[PDB]
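S.K.: So that we are looking at the same thing, I have put the structure below in structure tokens.
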Amino acid sequence: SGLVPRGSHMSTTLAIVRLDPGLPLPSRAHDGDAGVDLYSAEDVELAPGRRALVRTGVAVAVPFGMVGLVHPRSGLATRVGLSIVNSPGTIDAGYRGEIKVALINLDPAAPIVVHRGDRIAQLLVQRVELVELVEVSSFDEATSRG
Amino acid sequence: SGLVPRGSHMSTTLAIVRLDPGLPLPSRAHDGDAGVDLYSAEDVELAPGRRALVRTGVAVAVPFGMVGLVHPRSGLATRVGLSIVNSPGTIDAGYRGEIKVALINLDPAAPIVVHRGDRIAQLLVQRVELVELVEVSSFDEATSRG
Amino acid sequence: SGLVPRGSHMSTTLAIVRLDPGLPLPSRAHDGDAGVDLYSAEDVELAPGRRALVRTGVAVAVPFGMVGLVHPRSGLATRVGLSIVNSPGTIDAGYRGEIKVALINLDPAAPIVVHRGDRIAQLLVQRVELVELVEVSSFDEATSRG
Ligand SMILES: O=c1ccn([C@H]2C[C@H](O)[C@@H](COP(=O)(O)NP(=O)(O)OP(=O)(O)O)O2)c(=O)[nH]1
Ligand SMILES: O=c1ccn([C@H]2C[C@H](O)[C@@H](COP(=O)(O)NP(=O)(O)OP(=O)(O)O)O2)c(=O)[nH]1
Ligand SMILES: O=c1ccn([C@H]2C[C@H](O)[C@@H](COP(=O)(O)NP(=O)(O)OP(=O)(O)O)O2)c(=O)[nH]1
Ligand SMILES: [Mg+2]
Ligand SMILES: [Mg+2]
Ligand SMILES: [Mg+2]
């Protein structure tokens with residue numbers, strides 16, 4: 001597998017520092033999966049309605065022209081009401097700090113216990129358009145929907 | 001319209017199975033819209049704060065190198081506080097099951113009634129970078145923000 | 001800076017109307033940032049659990065083949081529990097109205113005060129696949145995960 005297949009020639013490298021090397025490197029659960037799963041570095045208990053800012057133990061260098069996106073996992077979302085307050089979290093190209101996940105318990109009654117080493121979110125990487133705004137007085141000067 | 005116009009030459013086909021053929025195929029509400037609207041196959045009532053995992057009656061084959069993304073509709077979000085616990089839901093290229101939507105009622109007091117055949121979310125399809133992680137000891141070895 | 005550098009040759013213009021010209025044009029907080037920050041045109045107070053549909057004072061013309069995406073800011077999300085009900089908000093290419101943000105207070109006890117001129121969300125622009133659905137009876141006729 002050190003040979004990059006023709007179909008993966010243009011695939012993107014993401015530099016990562018394991019700030020907590022006791023956690024595995026994030027990985028795709030299955031071939032073709034959009035995201036790599038991020039771990040919790042911490043034990044945390046969330047009562048109903050409470051949030052926390054949870055360390056993942058990693059820092060990344062998203063390439064210029066791209067964005068990292070932190071999305072909730074669907075299983076925990078349905079089973080226990082686990083969500084992310086700022087979802088999708090937006091990780092900028094220039095960020096060199098630790099990725100942190102703003103977990104929240106949206107269940108009305110049952111606490112959520114997160115253990116160190118649990119997979120608590122997924123990180124996608126996508127291209128983004130670094131847009132140049134052009135201010136106009138009206139869209140004329142410059143649709144079905146309107 | 002069987003002729004693919006020059007400007008749509010590179011547009012992507014998405015194979016879909018209507019597991020519930022009583023529902024219309026998902027469609028864009030207007031030309032240029034980012035997403036196709038997903039239907040509920042089910043009647044569901046959500047008391048304030050409650051969630052459900054709602055069947056959409058479809059399965060798709062997102063192409064390798066892409067991702068499907070399940071987003072809430074803005075009208076229901078404002079009018080009645082309808083949201084999605086794991087938003088944006090992440091549909092992987094390898095998934096061949098039914099798309100399910102984790103609806104939640106974020107209103108404090110009024111129940112939300114969803115009927116079979118209502119449009120309850122929107123599905124976008126985007127390219128994703130299937131990233132190769134490169135572990136480094138520091139970003140040096142390998143920004144304004146820092 | 002009127003010269004487009006070789007590396008920004010293909011970067012995208014976004015036409016914008018300041019419907020409220022008392023607010024600054026949205027901008028990236030730092031070079032390489034994925035999104036430009038949207039302002040509130042309004043003063044709004046959100047009690048715990050309450051939502052509002054907040055005017056941003058801008059209208060944009062997202063290019064055909066692209067999507068605008070309204071994401072929460074991470075600082076307010078952690079500090080005070082500020083979220084967006086329909087996050088990520090989906091701004092279609094054909095939309096020429098004012099961008100509105102569906103803010104919600106997910107804190108259990110403390111109200112959130114938003115002032116006119118505060119930065120309350122971020123707007124990304126990305127390509128989207130305008131998909132052509134092909135209905136199949138089974139995926140055969142037309143994976144690790146299954
Ligand atoms: O909104 C969604 C999100 C996911 N899904 C399906 C498709 C996706 O490929 C699959 C797995 O999604 P997640 O990775 O978000 N869930 P989780 O990590 O809990 O499960 P898995 O171990 O299967 O990855 O669940 C939906 O039907 N609706
Ligand atoms: O956060 C948002 C999301 C949408 N919008 C606008 C732009 C978008 O093109 C339009 C429709 O968004 P949705 O498709 O999410 N809403 P809905 O499906 O309820 O209405 P429609 O019938 O108009 O599609 O609403 C915002 O101003 N802010
Ligand atoms: O889920 C997240 C989101 C952001 N972040 C980090 C990386 C990102 O580049 C940085 C800033 O994100 P936001 O722009 O969403 N936050 P805010 O606008 O409050 O702060 P800033 O002034 O730094 O942009 O915070 C995370 O660690 N986790
Ligand atoms: Mg998963
Ligand atoms: Mg719509
Ligand atoms: Mg910011």
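By order of appearance in the structure tokens: chains A, B, ..., then residues from 1 within every chain, and ligands from 1 in the order shown.
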Apply DSSP to the backbone of this structure and, from region 7-146 of chain B, keep only the residues in helix (DSSP H, G or I); write these as a PyMOL selection string.
M.R.: chain B and resi 7-8+74-80
S.K.: Just the selected residues (C-alpha atoms), exported as an mmCIF file, in the first residue's frame, please.
M.R.:
data_model
loop_
_atom_site.group_PDB
_atom_site.id
_atom_site.type_symbol
_atom_site.label_atom_id
_atom_site.label_comp_id
_atom_site.auth_asym_id
_atom_site.auth_seq_id
_atom_site.Cartn_x
_atom_site.Cartn_y
_atom_site.Cartn_z
ATOM 1 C CA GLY B 7 -22.667 23.575 -18.602
ATOM 2 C CA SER B 8 -24.067 20.332 -16.949
ATOM 3 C CA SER B 74 -35.063 26.570 7.600
ATOM 4 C CA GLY B 75 -38.846 27.110 7.629
ATOM 5 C CA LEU B 76 -39.675 24.358 10.108
ATOM 6 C CA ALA B 77 -36.607 25.326 12.185
ATOM 7 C CA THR B 78 -37.898 28.862 12.757
ATOM 8 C CA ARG B 79 -41.635 28.183 12.796
ATOM 9 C CA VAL B 80 -41.720 25.235 15.182
#
S.K.: Neighbours of ligand 1 at 8 Å or closer, counting only C-alpha atoms and all ligand atoms: which residues, as a PyMOL selection string?
M.R.: (chain A and resi 29-30+33+35+37+71-77+121-122) or (chain B and resi 69-70+86-102) or (chain C and resi 145)
S.K.: Produce a table with one row for each residue of chain C that has an atom at most 8 Å from any atom of chain B, each row naming the nearest atom pair and its distance in Å at one decimal; use only C-alpha atoms; arrange rows by chain and rising residue number; format as CSV.
M.R.:
residue,atom,partner,partner_atom,distance
C:30,CA,B:145,CA,6.0
C:31,CA,B:144,CA,6.6
C:49,CA,B:108,CA,6.4
C:50,CA,B:107,CA,7.4
C:51,CA,B:78,CA,7.5
C:52,CA,B:78,CA,7.3
C:53,CA,B:78,CA,6.7
C:64,CA,B:32,CA,5.9
C:65,CA,B:32,CA,6.9
C:66,CA,B:34,CA,7.3
C:67,CA,B:34,CA,5.9
C:85,CA,B:77,CA,5.8
C:86,CA,B:72,CA,5.1
C:87,CA,B:87,CA,6.9
C:88,CA,B:71,CA,6.7
C:89,CA,B:74,CA,7.0
C:90,CA,B:34,CA,7.5
C:91,CA,B:34,CA,7.8
C:92,CA,B:33,CA,5.0
C:93,CA,B:32,CA,5.5
C:94,CA,B:32,CA,6.0
C:102,CA,B:78,CA,6.3
C:127,CA,B:126,CA,7.2
C:128,CA,B:126,CA,5.2
C:129,CA,B:125,CA,5.5
C:130,CA,B:11,CA,6.2
C:131,CA,B:12,CA,5.0
C:132,CA,B:13,CA,4.7
C:133,CA,B:14,CA,4.8
C:134,CA,B:15,CA,4.8
C:135,CA,B:16,CA,4.9
C:136,CA,B:17,CA,5.5
C:137,CA,B:17,CA,6.0
C:138,CA,B:17,CA,6.2
C:139,CA,B:17,CA,7.5
C:142,CA,B:15,CA,7.4
C:143,CA,B:94,CA,5.2
C:144,CA,B:94,CA,6.7
C:145,CA,B:94,CA,5.4
C:146,CA,B:96,CA,5.3
S.K.: Identify all residues of chain C in strand (DSSP E) (DSSP on the backbone) and supply them as an MDAnalysis selection string.
M.R.: chainID C and resid 13:18 36:39 44:46 51:55 58:61 66:71 82:84 89:91 100:105 112:114 119:127 132:135
S.K.: What would the file look like if the residues just selected were written as a PDB file, in the first residue's frame with C-alpha atoms?
M.R.:
ATOM      1  CA  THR C  13     -16.451  36.516  -6.552  1.00  0.00           C
ATOM      2  CA  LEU C  14     -19.537  36.880  -4.398  1.00  0.00           C
ATOM      3  CA  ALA C  15     -21.882  39.797  -5.185  1.00  0.00           C
ATOM      4  CA  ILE C  16     -23.312  41.301  -1.976  1.00  0.00           C
ATOM      5  CA  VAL C  17     -25.872  43.968  -1.209  1.00  0.00           C
ATOM      6  CA  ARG C  18     -25.645  45.692   2.172  1.00  0.00           C
ATOM      7  CA  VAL C  36     -16.720  35.488   6.577  1.00  0.00           C
ATOM      8  CA  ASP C  37     -18.471  36.622   9.761  1.00  0.00           C
ATOM      9  CA  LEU C  38     -22.073  37.828   9.526  1.00  0.00           C
ATOM     10  CA  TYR C  39     -23.332  40.653  11.709  1.00  0.00           C
ATOM     11  CA  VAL C  44     -32.083  40.559  20.566  1.00  0.00           C
ATOM     12  CA  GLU C  45     -32.399  38.900  23.949  1.00  0.00           C
ATOM     13  CA  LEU C  46     -32.869  35.103  24.069  1.00  0.00           C
ATOM     14  CA  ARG C  51     -35.029  31.170  19.340  1.00  0.00           C
ATOM     15  CA  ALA C  52     -35.188  34.135  17.008  1.00  0.00           C
ATOM     16  CA  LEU C  53     -34.845  34.750  13.298  1.00  0.00           C
ATOM     17  CA  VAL C  54     -32.214  37.493  13.171  1.00  0.00           C
ATOM     18  CA  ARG C  55     -31.581  39.784  10.182  1.00  0.00           C
ATOM     19  CA  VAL C  58     -26.953  41.382   3.701  1.00  0.00           C
ATOM     20  CA  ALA C  59     -28.121  39.653   0.570  1.00  0.00           C
ATOM     21  CA  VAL C  60     -25.765  37.609  -1.620  1.00  0.00           C
ATOM     22  CA  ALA C  61     -25.693  35.928  -4.982  1.00  0.00           C
ATOM     23  CA  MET C  66     -22.256  26.505  -5.327  1.00  0.00           C
ATOM     24  CA  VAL C  67     -23.950  26.796  -1.911  1.00  0.00           C
ATOM     25  CA  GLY C  68     -23.677  29.244   0.976  1.00  0.00           C
ATOM     26  CA  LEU C  69     -23.467  27.702   4.416  1.00  0.00           C
ATOM     27  CA  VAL C  70     -24.260  29.485   7.702  1.00  0.00           C
ATOM     28  CA  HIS C  71     -22.314  28.013  10.620  1.00  0.00           C
ATOM     29  CA  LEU C  82     -25.480  30.059  21.401  1.00  0.00           C
ATOM     30  CA  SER C  83     -26.452  27.820  18.465  1.00  0.00           C
ATOM     31  CA  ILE C  84     -28.361  27.909  15.187  1.00  0.00           C
ATOM     32  CA  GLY C  89     -28.064  26.995   7.145  1.00  0.00           C
ATOM     33  CA  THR C  90     -28.285  26.351   3.412  1.00  0.00           C
ATOM     34  CA  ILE C  91     -28.239  29.422   1.153  1.00  0.00           C
ATOM     35  CA  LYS C 100     -31.426  35.467   8.285  1.00  0.00           C
ATOM     36  CA  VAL C 101     -29.907  33.470  11.154  1.00  0.00           C
ATOM     37  CA  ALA C 102     -32.055  31.246  13.422  1.00  0.00           C
ATOM     38  CA  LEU C 103     -30.285  31.782  16.710  1.00  0.00           C
ATOM     39  CA  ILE C 104     -31.192  29.667  19.743  1.00  0.00           C
ATOM     40  CA  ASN C 105     -30.097  29.729  23.365  1.00  0.00           C
ATOM     41  CA  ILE C 112     -28.052  35.632  25.728  1.00  0.00           C
ATOM     42  CA  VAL C 113     -27.971  39.293  24.712  1.00  0.00           C
ATOM     43  CA  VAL C 114     -27.038  39.961  21.106  1.00  0.00           C
ATOM     44  CA  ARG C 119     -20.733  38.881  14.794  1.00  0.00           C
ATOM     45  CA  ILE C 120     -23.244  36.018  15.170  1.00  0.00           C
ATOM     46  CA  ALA C 121     -22.383  33.417  12.522  1.00  0.00           C
ATOM     47  CA  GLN C 122     -20.015  32.659   9.660  1.00  0.00           C
ATOM     48  CA  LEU C 123     -20.788  32.164   5.977  1.00  0.00           C
ATOM     49  CA  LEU C 124     -18.853  29.659   3.898  1.00  0.00           C
ATOM     50  CA  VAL C 125     -19.173  29.138   0.160  1.00  0.00           C
ATOM     51  CA  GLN C 126     -18.571  25.753  -1.401  1.00  0.00           C
ATOM     52  CA  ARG C 127     -19.171  23.880  -4.639  1.00  0.00           C
ATOM     53  CA  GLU C 132     -29.220  13.791 -11.212  1.00  0.00           C
ATOM     54  CA  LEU C 133     -31.132  11.040  -9.527  1.00  0.00           C
ATOM     55  CA  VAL C 134     -31.319   7.682 -11.239  1.00  0.00           C
ATOM     56  CA  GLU C 135     -33.963   5.486  -9.780  1.00  0.00           C
TER      57      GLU C 135
END
S.K.: Between CA of residue 24 (chain C) and CA of residue 57 (chain C), what is the spacing in Å?
M.R.: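 That distance, rounded to one decimal, is 9.6 Å.
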